[PDB]
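So this first bit is one chain, no partners, the form deposited in one PDB entry, shown in structure tokens.
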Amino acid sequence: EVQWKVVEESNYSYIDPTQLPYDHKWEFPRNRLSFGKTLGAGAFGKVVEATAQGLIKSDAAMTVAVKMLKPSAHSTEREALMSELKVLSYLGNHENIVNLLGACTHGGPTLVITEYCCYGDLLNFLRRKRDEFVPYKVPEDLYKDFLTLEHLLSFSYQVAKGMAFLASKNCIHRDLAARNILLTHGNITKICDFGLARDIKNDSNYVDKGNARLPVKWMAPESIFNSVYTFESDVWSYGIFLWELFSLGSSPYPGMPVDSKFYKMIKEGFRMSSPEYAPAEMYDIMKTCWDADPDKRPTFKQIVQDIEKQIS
């Protein structure tokens, strides 16, 4: 919205990602990329499955995901893709994020080489295993490839470790949701920012507010109503993700259209109830994540230590 704002005294401010350095150690020869099918495409950017010759081991090739722009992209999009590469180069490597493997910044359009996660996004994975879920396995043949409570607990734990990594790098996600979590071999979940590769206009999970489209049902109140995005507001989005996880990919606040009454109810203390398969101690974490006071929400470092005792 382009309007007036009354302000009150309360810090952190975004950095201009174009000012971040790009380390050319990530430069990978473009001629060693063999492109496959497009995995997903936004309005201006797309992620393509590809084969990278000698990227990690000089002997053999490996499947990777290459993030690139469409022909319709303008100079601002090309700057944005370069800034996304500069952020990934800045953050460093962690197991629970979609990591940067290389980049092609020469001899053509910019190609960002990321890890390929064979299972896709966690949201579609959960909704696919809905009829194949049991809390724990009793004859094991009947639950061959079943999803269990052990898996969901590991997912909550890995996403929390990934977010804890981002917070330690002074990085705010601002769009934490199951659709932005990817699953790869060994049930490893990886956080990522789709950025230019998700078409926000065609996704009902992003609500048209003014001129912007925001993931309202995942956002903390101070984000929706005060435009305040912090480490603590990410924790709110993690609580909404937990509700997705233990409802097996159900849309949050199911059956509630986003309108003025919805915003009012959230401000007055309205919260979702416990998912059907959520353990009690995990739902406790949800309620703390959804505290209207950002000071009373747990940090991701605390969430990691909390879930760790549950795993053990």
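By rigid core we mean the largest C-alpha set that fits within 1.5 Å across both forms. From 1 onward, residues are counted along the sequence shown.
Note: missing coordinates for residue 204 occur in a third or more of the other compared entries bracketing this position. Across the other entries compared, none leave residue 267 without coordinates where the residues on each side are present, so it is far from a third. Unmodelled deposited residues between residue 10 and residue 11: 1 to 3, per the record. Counting the deposited residues that fall between residue 138 and residue 139 and carry no coordinates gives a value of 1 to 3. Here 117 to 125 and 198 to 206 are compared by their mean Cα B-factor, and 198 to 206 comes out higher.
Legend: mean Cα B-factor per stretch from the PDB entry, 232 to 240 versus 69 to 77; the higher mean is in 69 to 77.
The top Cα temperature factor in the record, among 64, 43, 272, 245, falls on 43. When the C-alpha B factors of 174, 161, 86, 213 are read from the deposited coordinates, the top value falls at 213. The deposited CA B-factor of residue 266 belongs to the lowest third of values across its chain. Residue 38 sits in the highest third of its chain by CA B factor, as recorded in the PDB entry.
Residue 251: CA B factor in the lowest third of modelled residues in this chain (values from the PDB entry). The deposited CA B-factor of residue 102 belongs to the lowest third of values across its chain. Ranked by Cα temperature factor within the chain, residue 27 sits in the lowest third according to the deposited record.
There is another form of this protein, the form deposited in another entry, and it is not shown here; the text below is about that form.
In a core superposition between the shown form and the other one, the Cα of 198 is the only one among 190, 179, 198, 161 shifting by 2 Å or more.
In the core-superposed comparison between the shown form and the other one, residue 208 has its Cα shifted by at least 2 Å.
In a rigid-core overlay of the protein, residue 259 has its C-alpha displaced by at least 2 Å between the shown form and the other one. A change of 3 Å or more separates the two forms for residue 157 and residue 200: their C-alpha atoms lie closer together in that other deposited form. The Cα-Cα distance between residue 201 and residue 181 is lengthened by 3 Å or more in that other deposited form relative to the form shown here.
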